[PDB]
């Protein structure tokens, strides 16, 4: 399989161009568009990388195309752990979809936050707020594919199945890639000497949802999360041999680029994924 990486939440993790030139990642999620819905003007947060005002982040388009010519798919991640994002109604879902289409996808806008580059898809990292209308947002976005260029749909649900916020949306069967986050969740993450909970959870996910491929989401370093870190050796000799047997296995997802560099996680597991 391949490795999916989240980029954008630490200005010291390097440019998007550097990230893709490592040749270690197959998918890159730009985190995060953490503010939208309920009448709010959508706002993207890329930590210290750039300030979106006055097109301060339009420079990212260079990184996006650079990744894409290498065959790497780039998605804009909605939500994240911090933000006042939500959907107040079905109409709100439509408004946000149209916004995303004109500002990040194949539409037209005179103020595209990240530039004129056209992203491959939208990533759903909804962790709190409203539990409604996310399935509508998925449908409206998916409908734009009929205009020519496919809009990829990906999701990053928490490992407890079913997911309180993305369960309905994932049931639509419209998602291409799903990277389940097997961390910050005691009942389905790794615990020293115990891989039972994570394997049990994996089998539930790979047999319960209709998606293209499912990825094992993990923290790239002990500091990347409150709990759930899996040493590279344990992943390679105990977890991967089991989960790779599933025909739905797509690879591994890591949070995040910044911590991957410090811990050299992807460098240690790349050939085994």
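Residue numbers count along the first chain shown, from 1.
Student: Mind pulling up the entry and telling me whether 221-229 or 23-31 has the higher mean Cα temperature factor?
Tutor: Going by the record's values, the stretch with the higher mean is 221-229.
Student: Averaging only over Cα atoms, indicate whether 172-180 or 199-207 has the higher B-factor in the PDB entry.
Tutor: Averaged over C-alpha atoms, the B-factors run higher in 199-207.
Student: Using only the C-alpha B-factors in the record, can you name which of 94, 128, 73, 146 has the highest?
Tutor: Among 94, 128, 73, 146, the highest C-alpha B-factor in the entry belongs to 146.
Student: If you rank every modelled residue in this chain by C-alpha B factor, which third holds residue 123: lowest, middle or highest?
Tutor: For residue 123, whose C-alpha B-factor we compare with every modelled residue in the chain, the answer is the lowest third.
Student: Mind checking which third residue 135 falls in for C-alpha B-factor across the chain?
Tutor: CA B-factor rank for residue 135: lowest third.
Student: Going by the entry, which third of its chain does the Cα temperature factor of residue 46 land in?
Tutor: Within its chain, residue 46 is a middle-third residue by C-alpha B-factor, going by the deposited values.
Student: By its CA B factor, does residue 9 count among the lowest, middle or highest third of the modelled residues in the chain?
Tutor: According to the entry, residue 9 has a C-alpha B-factor in the chain's lowest third.
Student: What third of its chain, lowest, middle or highest, does the C-alpha temperature factor of residue 256 fall into?
Tutor: Lowest third - that is where residue 256 ends up once the chain's C-alpha B-factors are sorted.
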